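Just one chain follows, in the form deposited in one PDB entry, and it is written as structure tokens.
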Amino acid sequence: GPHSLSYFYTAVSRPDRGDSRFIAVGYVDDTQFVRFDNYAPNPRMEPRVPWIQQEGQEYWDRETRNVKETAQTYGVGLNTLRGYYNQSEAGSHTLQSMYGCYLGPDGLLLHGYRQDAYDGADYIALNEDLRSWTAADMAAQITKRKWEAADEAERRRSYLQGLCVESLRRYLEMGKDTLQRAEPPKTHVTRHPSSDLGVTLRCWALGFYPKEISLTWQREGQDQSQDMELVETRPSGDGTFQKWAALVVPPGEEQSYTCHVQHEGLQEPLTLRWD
């Protein structure tokens, strides 16, 4: 349904073992399209899909420099956090940020978001109003006072309502080919003779886009997620996604079980049996 533009920043302090590492990745829905990494041999903002390269040189110039500034500010913020939590200058630490915007049907902001984590735990988050902040602890409260004084929420709101959705609108036409078409899953059921008191039924979903999907198993109509193994959705490596759901059934009751697949690329809920 809704389309999104999102950026993910990771900053890793390597304390007196170098300089701070910074990597940024950009996504339009579940498709990555740019990347920057300052531990890379030659840090530059690079394309990662074909369509994004039909952009001009000005784009790569602006984006490269902007993320290069952001990386230095994050190297600063890592040591600021170091101080807030009163931590030593020797152990490595992590600062993550994710932000982005979802487009409504009208072509304007449905909702925007911006959240940070320090060492894998919630730090500070912009609330859905794009005007107030939720701080997880009293160090994030220091950061929140700073951002209240600088009226930072208004800066983020201006970005999320303007440049974010405008960039997303343009990206959604440069990559019209693959961004605005859904790929339904290619599904099949696999049988494994495990023992003589159980065979394993595996329901596969391959080559689907976007990432969200529902895979469940039923017997004569009732759900069996209570005894079902469900792997985390994983990338195929070509921009699509894979998943499977397996369960143990008695030998001879294979037809008694059905796999149910739900995905926006399908016209109606899919049902599957081992054949």
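Whichever C-alpha set is largest while still superposing within 1.5 Å between the two forms counts as the rigid core. Residue numbers here begin at 1 and follow the sequence given.
Missing here is the form deposited in another entry; even so, the following discussion is about that form.
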Only one of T64, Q54, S236, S225 shifts by 2 Å or more at CA between this form and the one not shown when the core is aligned; which is it?
-> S225
For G18, is the CA shift between this form and the one not shown at least 2 Å following rigid-core superposition?
-> yes
Kindly check if the Cα atom of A40 is displaced 2 angstroms or more between this form and the one not shown relative to the superposed rigid core.
-> yes
Given that the distance between the C-alpha atoms of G18 and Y84 changes by 3 Å or more in the other entry, do they end up closer or farther than here?
-> closer
